């Protein structure tokens, strides 16, 4: 690249040659816990990633660790409390315009733009950890959320039921 990056997220990868020093997926010690869930297909015209479902039964499963692999090289390990389709939706927020707006995460910008430029199909490996049962206010939950996030959700919903709206500082609808 030719500019002085102020930060790592501004250094967009340029080609699969930038992955030359990465670790092979074969050398991933936890790989027996992972299965090939889906693939990502870069759509440069529409500045987004499309999905080809592979492990169709798991496409709506939530709470996963994922590995993005390009030509056998590990590009990224991440996670989501949502299904993979929503995590990809989130990556599709990494558009140039939104980075300019300051409304996307630097992570989503870095990854979306890198994958678009590398322009290869990305294999997505996933592991879905078992979810514990937990209690909050004499009610039991089993899901992908942290207990604090779930507690907040119940409390905010109740608040809206009781008061007809969220607090002014809770911006999201």
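Positions refer to the first chain, counted from 1.
The mean C-alpha temperature factor is higher for 53 to 61 when 36 to 44 and 53 to 61 are set side by side. The deposited model assigns a higher average Cα B-factor to 27 to 35 than to the other stretch when 115 to 123 and 27 to 35 are compared. Among the modelled residues of its chain, residue 133 has a C-alpha B-factor that falls in the highest third according to the deposited record. Ranked by C-alpha B-factor against the other modelled residues of its chain, residue 66 falls in the lowest third. The entry lists a Cα temperature factor for residue 141 that places it in the highest third of the chain's modelled residues.
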